[PDB]
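model37.txt follows; it contains compact mmCIF, C-alpha atoms.
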```txt
# COMPACT_ATOMS: atom_id res chain seq x y z
CA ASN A 1 0.00 0.00 0.00
CA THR A 2 2.11 2.82 1.40
CA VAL A 3 5.04 0.77 2.69
CA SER A 4 6.61 0.43 -0.78
CA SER A 5 7.24 4.16 -1.03
CA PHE A 6 8.14 4.65 2.64
CA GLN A 7 10.79 1.94 2.21
CA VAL A 8 12.11 3.62 -0.94
CA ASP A 9 12.30 6.93 0.92
CA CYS A 10 14.17 5.30 3.81
CA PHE A 11 16.76 3.80 1.48
CA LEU A 12 17.15 7.01 -0.50
CA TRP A 13 17.57 8.86 2.80
CA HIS A 14 20.31 6.40 3.69
CA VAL A 15 21.99 7.08 0.34
CA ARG A 16 21.78 10.85 0.91
CA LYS A 17 23.09 10.26 4.42
CA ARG A 18 26.09 8.42 3.03
CA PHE A 19 26.61 11.34 0.65
CA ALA A 20 26.69 13.66 3.64
CA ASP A 21 28.90 11.12 5.46
CA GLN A 22 31.41 11.69 2.63
CA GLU A 23 31.25 15.52 2.69
CA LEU A 24 30.56 17.82 -0.32
CA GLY A 25 27.05 18.66 0.94
CA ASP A 26 25.58 22.15 0.85
CA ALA A 27 23.63 23.47 3.81
CA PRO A 28 20.19 22.93 2.16
CA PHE A 29 21.09 19.26 1.61
CA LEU A 30 21.80 18.68 5.29
CA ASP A 31 18.71 20.71 6.19
CA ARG A 32 16.57 18.45 4.00
CA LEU A 33 18.27 15.46 5.61
CA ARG A 34 17.25 16.73 9.06
CA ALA A 35 13.66 17.42 8.04
CA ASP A 36 13.47 14.02 6.36
CA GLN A 37 15.04 12.20 9.30
CA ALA A 38 12.33 13.64 11.55
CA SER A 39 9.62 12.88 8.98
CA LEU A 40 10.86 9.31 8.50
CA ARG A 41 10.87 8.82 12.27
CA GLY A 42 7.23 9.90 12.31
CA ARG A 43 6.26 7.78 9.30
CA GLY A 44 8.11 4.80 10.77
CA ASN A 45 6.31 5.04 14.10
CA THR A 46 3.00 5.40 12.27
CA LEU A 47 3.75 2.36 10.09
CA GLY A 48 5.63 0.47 12.82
CA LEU A 49 8.61 -0.40 10.60
CA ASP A 50 12.24 0.00 11.69
CA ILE A 51 14.25 2.40 9.55
CA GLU A 52 16.98 -0.15 8.81
CA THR A 53 14.50 -2.88 7.80
CA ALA A 54 12.71 -0.37 5.59
CA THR A 55 16.09 0.77 4.25
CA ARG A 56 17.00 -2.77 3.21
CA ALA A 57 13.59 -3.30 1.61
CA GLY A 58 14.01 0.03 -0.16
CA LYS A 59 17.42 -1.10 -1.36
CA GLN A 60 15.85 -4.20 -2.88
CA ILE A 61 13.10 -2.08 -4.47
CA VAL A 62 15.62 0.37 -5.95
CA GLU A 63 17.63 -2.58 -7.24
CA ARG A 64 14.41 -3.92 -8.78
CA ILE A 65 13.98 -0.62 -10.61
CA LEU A 66 17.63 -0.95 -11.70
CA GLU A 67 17.62 -4.72 -12.27
CA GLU A 68 17.43 -6.55 -15.63
CA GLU A 69 18.22 -3.98 -18.39
CA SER A 70 18.83 -1.33 -15.68
CA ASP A 71 19.89 1.91 -17.47
CA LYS A 72 22.12 0.27 -20.12
CA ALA A 73 20.86 2.62 -22.85
CA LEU A 74 23.43 1.39 -25.40
CA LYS A 75 20.88 1.61 -28.26
CA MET A 76 21.30 5.38 -28.88
CA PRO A 77 24.80 5.75 -30.44
CA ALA A 78 25.58 9.21 -29.01
CA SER A 79 23.24 11.53 -30.90
CA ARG A 80 24.92 14.86 -31.62
CA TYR A 81 22.92 18.08 -31.28
CA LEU A 82 23.38 20.50 -34.19
CA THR A 83 22.01 24.04 -34.09
CA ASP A 84 21.47 26.86 -36.56
CA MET A 85 19.25 28.88 -34.20
CA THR A 86 19.58 30.28 -30.71
CA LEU A 87 16.90 29.65 -28.12
CA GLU A 88 15.58 33.16 -28.80
CA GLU A 89 15.19 32.41 -32.51
CA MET A 90 13.22 29.26 -31.70
CA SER A 91 11.00 31.01 -29.14
CA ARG A 92 10.66 34.32 -31.00
CA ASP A 93 7.08 35.30 -31.72
CA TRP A 94 6.02 35.53 -35.34
CA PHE A 95 2.82 35.81 -37.32
CA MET A 96 1.40 34.96 -40.72
CA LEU A 97 -0.68 37.43 -42.69
CA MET A 98 -2.11 34.74 -44.99
CA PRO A 99 -1.47 31.64 -42.87
CA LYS A 100 -1.11 28.21 -44.45
CA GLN A 101 -0.40 24.99 -42.62
CA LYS A 102 -0.72 21.22 -42.63
CA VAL A 103 0.10 18.11 -40.63
CA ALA A 104 2.13 15.27 -42.11
CA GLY A 105 4.79 12.89 -40.91
CA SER A 106 4.02 13.83 -37.28
CA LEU A 107 5.24 17.31 -38.25
CA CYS A 108 3.39 20.61 -38.48
CA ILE A 109 4.32 22.72 -41.51
CA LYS A 110 3.43 26.42 -41.50
CA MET A 111 4.08 29.16 -44.03
CA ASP A 112 2.81 32.67 -44.74
CA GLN A 113 1.31 32.89 -48.23
CA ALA A 114 1.68 36.70 -48.17
CA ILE A 115 5.47 36.43 -48.58
CA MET A 116 6.45 37.14 -52.18
CA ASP A 117 9.67 37.90 -54.08
CA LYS A 118 11.81 37.42 -50.96
CA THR A 119 15.07 35.59 -50.37
CA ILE A 120 14.64 32.95 -47.67
CA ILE A 121 17.09 30.80 -45.71
CA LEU A 122 16.01 27.82 -43.61
CA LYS A 123 17.59 27.28 -40.19
CA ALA A 124 17.11 24.28 -37.95
CA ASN A 125 18.09 22.69 -34.65
CA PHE A 126 18.11 18.90 -34.66
CA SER A 127 19.80 15.68 -33.51
CA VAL A 128 22.07 13.67 -35.82
CA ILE A 129 22.94 9.95 -35.65
CA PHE A 130 25.39 8.28 -38.08
CA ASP A 131 25.82 11.50 -40.11
CA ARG A 132 22.08 11.71 -40.78
CA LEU A 133 19.15 13.51 -39.20
CA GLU A 134 17.35 11.61 -36.45
CA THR A 135 15.15 14.04 -34.48
CA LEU A 136 13.95 17.51 -35.45
CA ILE A 137 13.76 20.11 -32.70
CA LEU A 138 12.69 23.04 -34.86
CA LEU A 139 13.06 24.51 -38.35
CA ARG A 140 12.24 28.10 -39.26
CA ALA A 141 12.33 30.10 -42.49
CA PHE A 142 13.90 33.56 -42.27
CA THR A 143 13.88 36.26 -44.89
CA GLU A 144 17.01 38.30 -45.50
CA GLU A 145 15.05 41.06 -43.73
CA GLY A 146 14.86 38.84 -40.63
CA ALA A 147 11.17 37.94 -40.77
CA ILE A 148 10.02 34.44 -39.79
CA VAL A 149 7.77 33.23 -42.60
CA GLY A 150 7.58 29.47 -42.10
CA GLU A 151 8.17 26.70 -39.63
CA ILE A 152 8.43 22.92 -39.36
CA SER A 153 7.92 21.54 -35.87
CA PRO A 154 7.36 18.13 -34.28
CA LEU A 155 3.98 17.24 -32.84
CA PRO A 156 4.55 15.82 -29.34
CA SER A 157 1.39 13.68 -29.29
CA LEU A 158 2.20 11.57 -32.37
CA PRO A 159 4.65 8.70 -32.93
CA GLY A 160 8.00 10.28 -33.60
CA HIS A 161 9.07 11.36 -37.08
CA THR A 162 11.94 10.00 -39.16
CA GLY A 163 14.68 11.73 -41.11
CA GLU A 164 12.78 11.06 -44.33
CA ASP A 165 9.64 12.69 -42.97
CA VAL A 166 11.68 15.80 -42.22
CA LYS A 167 13.28 15.74 -45.67
CA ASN A 168 9.80 15.56 -47.18
CA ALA A 169 8.56 18.39 -44.96
CA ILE A 170 11.49 20.58 -46.02
CA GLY A 171 10.83 19.85 -49.68
CA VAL A 172 7.14 20.70 -49.23
CA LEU A 173 7.92 23.95 -47.40
CA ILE A 174 10.47 25.01 -50.02
CA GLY A 175 8.01 24.19 -52.79
CA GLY A 176 5.22 26.22 -51.24
CA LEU A 177 7.51 29.19 -50.65
CA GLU A 178 8.91 28.97 -54.19
CA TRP A 179 5.36 29.14 -55.58
CA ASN A 180 5.30 32.85 -54.66
CA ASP A 181 8.63 33.53 -56.43
CA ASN A 182 10.66 33.34 -53.22
CA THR A 183 14.24 32.13 -53.36
CA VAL A 184 14.79 29.50 -50.68
CA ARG A 185 18.04 27.96 -49.46
CA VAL A 186 19.09 25.97 -46.42
CA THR A 187 22.00 26.27 -44.03
CA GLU A 188 25.06 24.08 -44.40
CA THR A 189 23.82 22.08 -41.40
CA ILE A 190 20.62 21.12 -43.22
CA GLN A 191 22.40 20.65 -46.55
CA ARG A 192 24.88 18.24 -44.95
CA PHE A 193 22.60 16.20 -42.68
CA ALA A 194 19.21 16.56 -44.44
CA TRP A 195 18.13 17.57 -47.93
CA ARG A 196 16.45 20.51 -49.65
CA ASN B 1 30.39 23.08 -4.39
CA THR B 2 26.63 22.66 -4.61
CA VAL B 3 26.46 20.72 -7.87
CA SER B 4 27.40 17.41 -6.20
CA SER B 5 24.22 17.37 -4.13
CA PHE B 6 21.97 18.84 -6.83
CA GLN B 7 23.13 16.01 -9.12
CA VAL B 8 22.44 13.43 -6.43
CA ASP B 9 18.96 14.89 -5.94
CA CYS B 10 18.29 14.78 -9.68
CA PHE B 11 19.25 11.12 -9.89
CA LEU B 12 17.28 10.20 -6.79
CA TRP B 13 14.31 12.06 -8.26
CA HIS B 14 14.70 9.97 -11.40
CA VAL B 15 14.72 6.81 -9.26
CA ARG B 16 11.58 7.93 -7.42
CA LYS B 17 10.07 8.80 -10.79
CA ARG B 18 10.76 5.29 -12.04
CA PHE B 19 9.12 3.98 -8.86
CA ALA B 20 6.04 6.03 -9.71
CA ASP B 21 6.37 4.87 -13.34
CA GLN B 22 5.91 1.33 -11.98
CA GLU B 23 2.89 2.13 -9.76
CA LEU B 24 2.54 1.33 -6.01
CA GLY B 25 2.94 5.00 -5.04
CA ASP B 26 0.84 6.71 -2.39
CA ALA B 27 -0.52 10.20 -2.99
CA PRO B 28 2.11 11.92 -0.75
CA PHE B 29 4.86 10.28 -2.82
CA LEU B 30 3.55 11.72 -6.07
CA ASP B 31 2.96 15.05 -4.34
CA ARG B 32 6.59 15.14 -3.22
CA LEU B 33 7.59 14.20 -6.76
CA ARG B 34 5.67 17.21 -8.10
CA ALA B 35 7.13 19.62 -5.56
CA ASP B 36 10.60 18.24 -6.22
CA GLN B 37 10.19 18.38 -10.00
CA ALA B 38 9.37 22.08 -9.72
CA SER B 39 12.20 22.65 -7.24
CA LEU B 40 14.70 20.79 -9.43
CA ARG B 41 13.60 22.86 -12.42
CA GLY B 42 14.35 25.98 -10.39
CA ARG B 43 17.68 24.68 -9.07
CA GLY B 44 18.66 23.55 -12.57
CA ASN B 45 17.95 26.94 -14.10
CA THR B 46 19.87 28.62 -11.28
CA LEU B 47 22.83 26.26 -11.75
CA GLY B 48 22.43 26.01 -15.54
CA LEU B 49 22.66 22.19 -15.63
CA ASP B 50 20.29 19.98 -17.61
CA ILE B 51 18.31 17.53 -15.49
CA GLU B 52 19.43 14.50 -17.50
CA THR B 53 23.12 15.45 -17.37
CA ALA B 54 22.78 16.04 -13.64
CA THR B 55 20.89 12.74 -13.35
CA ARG B 56 23.74 10.83 -15.00
CA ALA B 57 26.31 12.56 -12.80
CA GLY B 58 24.15 11.76 -9.79
CA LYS B 59 24.01 8.15 -10.94
CA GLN B 60 27.79 8.02 -11.01
CA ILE B 61 27.95 9.67 -7.56
CA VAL B 62 25.44 7.20 -6.09
CA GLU B 63 27.42 4.36 -7.64
CA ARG B 64 30.55 5.84 -6.04
CA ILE B 65 28.82 5.68 -2.67
CA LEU B 66 27.88 2.07 -3.52
CA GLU B 67 31.14 1.13 -5.27
CA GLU B 68 34.01 -0.96 -3.83
CA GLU B 69 32.69 -2.74 -0.69
CA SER B 70 29.21 -1.24 -1.35
CA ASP B 71 26.85 -2.58 1.38
CA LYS B 72 28.22 -6.16 1.45
CA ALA B 73 27.98 -6.33 5.26
CA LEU B 74 28.82 -10.06 5.36
CA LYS B 75 30.91 -9.62 8.54
CA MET B 76 27.95 -9.69 10.99
CA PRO B 77 26.70 -13.34 10.93
CA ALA B 78 23.01 -12.57 11.59
CA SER B 79 22.95 -11.39 15.20
CA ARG B 80 19.81 -12.60 16.97
CA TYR B 81 17.99 -10.27 19.36
CA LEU B 82 16.99 -11.91 22.65
CA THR B 83 14.72 -10.17 25.16
CA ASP B 84 13.68 -10.69 28.76
CA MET B 85 12.12 -7.22 29.11
CA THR B 86 9.48 -5.25 27.27
CA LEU B 87 10.15 -1.71 26.12
CA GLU B 88 8.20 -0.47 29.14
CA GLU B 89 10.45 -2.41 31.53
CA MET B 90 13.53 -0.89 29.92
CA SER B 91 12.11 2.65 29.96
CA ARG B 92 10.35 2.40 33.33
CA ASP B 93 11.45 5.02 35.82
CA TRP B 94 13.17 3.83 38.98
CA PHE B 95 15.16 5.31 41.82
CA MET B 96 17.82 4.36 44.33
CA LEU B 97 17.55 5.30 47.98
CA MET B 98 21.26 4.68 48.65
CA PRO B 99 22.62 4.88 45.09
CA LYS B 100 25.84 3.11 44.12
CA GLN B 101 27.37 3.06 40.67
CA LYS B 102 30.54 2.69 38.65
CA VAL B 103 31.88 2.67 35.10
CA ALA B 104 33.83 -0.28 33.73
CA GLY B 105 34.07 -2.12 30.45
CA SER B 106 32.23 0.74 28.70
CA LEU B 107 29.28 -0.22 30.90
CA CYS B 108 27.55 1.68 33.69
CA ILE B 109 26.64 -0.47 36.71
CA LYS B 110 24.07 0.87 39.18
CA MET B 111 22.58 -0.66 42.31
CA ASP B 112 20.62 0.54 45.34
CA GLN B 113 22.49 -0.22 48.56
CA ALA B 114 19.24 0.14 50.56
CA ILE B 115 17.92 -3.17 49.20
CA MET B 116 18.33 -5.91 51.80
CA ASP B 117 17.03 -9.46 52.33
CA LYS B 118 15.23 -9.46 48.97
CA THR B 119 15.01 -12.04 46.21
CA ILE B 120 16.24 -10.58 42.92
CA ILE B 121 16.10 -11.78 39.32
CA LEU B 122 18.14 -10.20 36.53
CA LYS B 123 16.51 -9.59 33.14
CA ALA B 124 18.25 -8.42 30.00
CA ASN B 125 17.78 -7.58 26.34
CA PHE B 126 20.82 -8.22 24.16
CA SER B 127 22.19 -9.45 20.82
CA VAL B 128 23.70 -12.93 20.42
CA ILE B 129 26.22 -14.14 17.82
CA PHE B 130 27.43 -17.78 17.64
CA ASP B 131 25.45 -18.76 20.77
CA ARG B 132 27.23 -16.10 22.85
CA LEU B 133 26.47 -12.55 23.91
CA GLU B 134 27.72 -9.84 21.56
CA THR B 135 25.97 -6.54 22.41
CA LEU B 136 24.11 -5.57 25.57
CA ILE B 137 21.02 -3.41 25.17
CA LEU B 138 20.00 -3.30 28.82
CA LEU B 139 20.04 -5.36 32.02
CA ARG B 140 17.89 -4.64 35.06
CA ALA B 141 17.52 -6.23 38.49
CA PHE B 142 13.96 -6.79 39.69
CA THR B 143 12.83 -7.83 43.13
CA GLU B 144 10.04 -10.36 43.50
CA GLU B 145 8.00 -7.31 44.59
CA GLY B 146 8.64 -5.75 41.17
CA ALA B 147 11.08 -3.02 42.21
CA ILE B 148 14.00 -2.11 39.96
CA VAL B 149 17.09 -2.12 42.16
CA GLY B 150 20.00 -2.30 39.72
CA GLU B 151 20.98 -1.81 36.13
CA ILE B 152 23.79 -2.49 33.66
CA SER B 153 23.74 -0.31 30.57
CA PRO B 154 26.10 0.49 27.69
CA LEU B 155 27.76 3.89 27.48
CA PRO B 156 27.26 5.20 23.93
CA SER B 157 30.37 7.41 23.92
CA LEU B 158 32.92 4.65 24.59
CA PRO B 159 34.35 1.88 22.38
CA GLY B 160 31.84 -0.93 22.45
CA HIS B 161 31.87 -3.60 25.13
CA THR B 162 32.50 -7.32 24.71
CA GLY B 163 30.66 -10.35 26.02
CA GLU B 164 33.32 -10.79 28.69
CA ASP B 165 32.88 -7.22 29.90
CA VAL B 166 29.18 -7.92 30.34
CA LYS B 167 29.87 -11.19 32.15
CA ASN B 168 32.17 -9.30 34.50
CA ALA B 169 29.57 -6.56 35.02
CA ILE B 170 26.93 -9.15 35.88
CA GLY B 171 29.25 -10.85 38.35
CA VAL B 172 30.05 -7.49 39.97
CA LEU B 173 26.36 -6.52 40.22
CA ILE B 174 25.41 -9.90 41.70
CA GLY B 175 28.27 -9.65 44.19
CA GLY B 176 27.28 -6.19 45.35
CA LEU B 177 23.64 -7.20 45.72
CA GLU B 178 24.58 -10.39 47.58
CA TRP B 179 26.59 -8.31 50.07
CA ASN B 180 23.27 -7.13 51.57
CA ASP B 181 21.93 -10.70 51.91
CA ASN B 182 19.92 -10.51 48.70
CA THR B 183 19.33 -13.67 46.69
CA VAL B 184 20.14 -13.00 43.04
CA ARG B 185 19.43 -15.16 40.00
CA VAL B 186 19.35 -14.59 36.26
CA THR B 187 16.87 -15.50 33.57
CA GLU B 188 17.40 -18.52 31.37
CA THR B 189 18.37 -16.14 28.56
CA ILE B 190 21.30 -14.78 30.58
CA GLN B 191 22.19 -18.20 31.99
CA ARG B 192 22.38 -19.67 28.48
CA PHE B 193 24.14 -16.87 26.59
CA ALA B 194 26.07 -15.11 29.39
CA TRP B 195 27.12 -16.07 32.90
CA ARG B 196 26.20 -15.23 36.48
```
Mind converting the file's structure to structure tokens?
Amino acid sequence: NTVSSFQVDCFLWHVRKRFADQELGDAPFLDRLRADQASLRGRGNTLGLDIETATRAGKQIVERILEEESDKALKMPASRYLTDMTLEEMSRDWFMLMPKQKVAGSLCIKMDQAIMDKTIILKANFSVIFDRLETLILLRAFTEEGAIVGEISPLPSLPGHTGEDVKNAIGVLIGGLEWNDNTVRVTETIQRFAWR
Amino acid sequence: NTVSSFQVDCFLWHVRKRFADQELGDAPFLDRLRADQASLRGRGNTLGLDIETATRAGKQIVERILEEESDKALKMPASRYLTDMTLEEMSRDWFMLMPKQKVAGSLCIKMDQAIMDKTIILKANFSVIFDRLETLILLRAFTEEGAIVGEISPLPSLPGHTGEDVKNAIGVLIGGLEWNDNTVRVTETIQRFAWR
């Protein structure tokens, strides 16, 4: 019922205690240890379970969380994060006068149809595995005048996208922008790890 | 400085999160997880360290606490706890009219010199290893009338006592009580695992 967590808390307290027992602790850490020691005393007396017994049970529970595969996440060959945009560029507000958008590939593609005869460069932040795109964080279209006129973003509620879905989204965005006689290019990052 | 603990907290949060992720959690556990998730977000932004990076560093720190000998406490062959007294008997108030006491063997020996011509039984709670006494919790002398007239207790500030120190303390207590024509015996627990 409630003993599973109590036991986990008692073991994790022990672990934090051992951390303190080996120095390096800041004052708020020791303060939390004191508050938790008092709270665990209370919870123990209410439950009737000795702190060391609970600690050992917690140890076995924590091991159970960490048993079997544990955290041996050796199936993600060090993805490298590549960026063309700063956090401000990704979070910057923008608007479309004649908005146009669609969903495909678990990606949302947006572009302003009011943009005409402009020169546009695409910038993106994304993860790369084996010299190819693996996850898209964000792509935005900027005019030479600095306006944001299009965007490709992942949809968090759908099964994740692939590199080919992003390549298709980029091609679709470029096509739609080119319709209005815009000149569209991509950064070297996109040109090297993705495709126009 | 303060990153060592923060990192430990982030990993331990992850562990508690995985516990939640595998059910069995009570409402206060999840509530603490929410408060801690918000607090860790704050602490992260203040420190500038990503929660996953801190989590991995915390994992390595926790492993460091648990590395080498870890908790392989295989040098304490299952001590068995034997009791003659309830918690109330050990915590019961008592007094000596003519107090007498000494320190020896990292034990405090007390007896009331005013007790005469009584029949006394000694009761004790202690740990046993290999069919012999290893740690004394408490020993008290009771008259047949129920009065507490003597006590042998460990002193927490001194190097721990041995079984032979307790045997000597019991012999000394019995001797002092016998001086005043008291008849003193011990429980079967003491007679089997210690000596008069």
Exercise. Determine the nearest neighbour of chain A from the options B:34, B:140, B:14, B:123, counting all atoms listed in the file.
Key: B:14
Self-check item: Distance-based interface of chain B with chain A, 7 Å, counting all atoms listed in the file, as a VMD selection string
Solution: chain B and resid 1 to 2 4 to 5 18 to 19 24 to 26 29 65
Practice problem: Find the residue from A:17, A:145, A:122, A:102 that sits nearest to residue 31 in chain A; use all atoms listed in the file when measuring. | Solution: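 Ranked by minimum distance to residue 31 in chain A, first place goes to A:17.
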Exercise. Excluding range 94-100 of chain B and residues on its chain fewer than 3 positions from it, collect all residues at most 6 Å away from it, counting all atoms listed in the file, and give them as a list in words.
Key: residues 110, 111, 112, 113 and 114 of chain B
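Interatomic distance, CA of residue 180 in chain A to CA of residue 105 in chain A: 24.2 Å.
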Practice problem: Around the point (13.5, -4.5, 33.0) in the file's coordinates, collect all residues with an atom within 7 Å, using all atoms listed in the file, and return them as a list in words. | Solution: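 Within 7 Å of (13.5, -4.5, 33.0), the protein and nucleic acid residues are residues 85, 89, 90, 123, 124, 139 and 140 of chain B.
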How would the residues just picked look written out with C-alpha atoms as a compact mmCIF listing (two decimals), keeping the file's coordinate frame?
```
# COMPACT_ATOMS: atom_id res chain seq x y z
CA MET B 85 12.12 -7.22 29.11
CA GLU B 89 10.45 -2.41 31.53
CA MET B 90 13.53 -0.89 29.92
CA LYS B 123 16.51 -9.59 33.14
CA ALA B 124 18.25 -8.42 30.00
CA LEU B 139 20.04 -5.36 32.02
CA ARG B 140 17.89 -4.64 35.06
```
Quiz item: Looking at only C-alpha atoms, which of A:42, A:171, A:156, A:48 is the one that sits closest to residue 196 in chain A?
Solution: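 Under the stated criterion, the closest residue is A:171.
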Quiz item: Taking only C-alpha atoms into account, which of A:49, A:137, A:57, A:184 comes nearest residue 108 in chain A?
Solution: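 Nearest candidate to residue 108 in chain A out of A:49, A:137, A:57, A:184: A:137.
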